[PDB]
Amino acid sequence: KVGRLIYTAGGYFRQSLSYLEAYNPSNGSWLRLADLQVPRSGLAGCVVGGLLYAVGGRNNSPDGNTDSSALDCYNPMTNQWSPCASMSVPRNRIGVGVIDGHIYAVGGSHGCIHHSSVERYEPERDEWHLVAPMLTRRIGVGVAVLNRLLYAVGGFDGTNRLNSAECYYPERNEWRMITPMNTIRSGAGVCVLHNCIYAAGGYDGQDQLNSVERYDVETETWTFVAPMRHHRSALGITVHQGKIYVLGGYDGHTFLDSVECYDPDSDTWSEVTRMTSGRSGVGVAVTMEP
C-alpha cells in the first residue's frame, strides 16, 4: 500500500495541457513527470497493472480542436509514455472505469455528436471492442466501478444536463437506469468509496456546484454529504487510502489549483495541497511512484 502517488494528466487552462504531475499525500510533494505526447483536456485516467492510462479528450489549441480517440500508457518505471490501440471513435469529455483489468470508455463527444456508445479495452491483447451502448447519450459523464458493475452518472445529452444515472451489468451486456441523483450534474467528479458512488460538483445548467451526493448501491438512494469548500465543474477525482481527493476544476471565475480531501468518517472536506497551476478537465489515477 505504501509508495502510491496521485497522478494528474492533461487538463485545460487557456488551451489543452500536456502536464503529467504526481502528488505524494505522505509528504506533500509534487513531481513533474513526462509530458503527454499530445496535450489533452476532457480526458480520463485509470490504472491497470501498475500502468497509468490516458483515455480520450481533446487537444484545444490556438490552431484547432481535435477530439481524441487515443489510449496512451505511462510506465512509472521508465517515465515514458507509449501509444496503445486507439478507440473506435474520438471521445472528448469522457468517463472511464476499470473492471477486472479491462478499461471501459463511456460516452463523450465527437464534434456535435454525443455518444451513447461504450467500448472495452483488453490490455493483454491491446484491443478495443464495442459493448452495449448506454440508454442515454452522455458527455461530461461521471463513471465509476463498484462491485464489478459500471456506473454512468449525469452528463449532457446534447439538449439537457442530466440527473439520471445508469448501470452496466457485464455478464448480461445490458444497461439499466438507476435512481436519479437529487441534482443535475454535468462534468462532476464521480468515484467509489466504500459501498457508495459519489458525485461531487459539476454544473447543473445554471451554476458550478459544491454539493456532493452518494448513491448507496444496496438501498438505491442518493444522499448529500458535506459540500466541498469550492464550487467546481470539470474536476479531477480519485480515491486513495479511504479518502476522496478532488483536483482543480472551474468555479465560474477561476481555474482552480485547489485540491480538497474528503474524510467519510468525520464527513468533512479539508484543503490539502495546491496543484502547480490552476486547471480543469484533468485525468487522475493512483499508482506507484516513478
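The numbering used is simple: start at 1 and walk along the sequence shown.
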*asked:* Test of understanding: from the entry's C-alpha B-factors, which stretch has the higher mean, 153-161 or 177-185?
replied: 153-161
*With reference to the PDB entry, specify whether the mean Cα temperature factor is higher for 24-32 or for 64-72.*
24-32
_166, 119, 213, 124, ranked by C-alpha B-factor: the highest one_ = 124
*asked:* What third of the chain does residue 51 rank in for C-alpha temperature factor, lowest, middle or highest?
replied: highest
*residue 16, C-alpha B-factor rank within chain (lowest, middle or highest third)*: middle
*Just say lowest, middle or highest third for the CA B-factor of residue 199 relative to the other modelled residues in its chain.*
lowest
*asked:* Where does the C-alpha B-factor of residue 241 rank in its chain, lowest, middle or highest third?
replied: highest
_residue 2 by Cα B-factor - lowest, middle or highest third of the modelled chain_ = highest
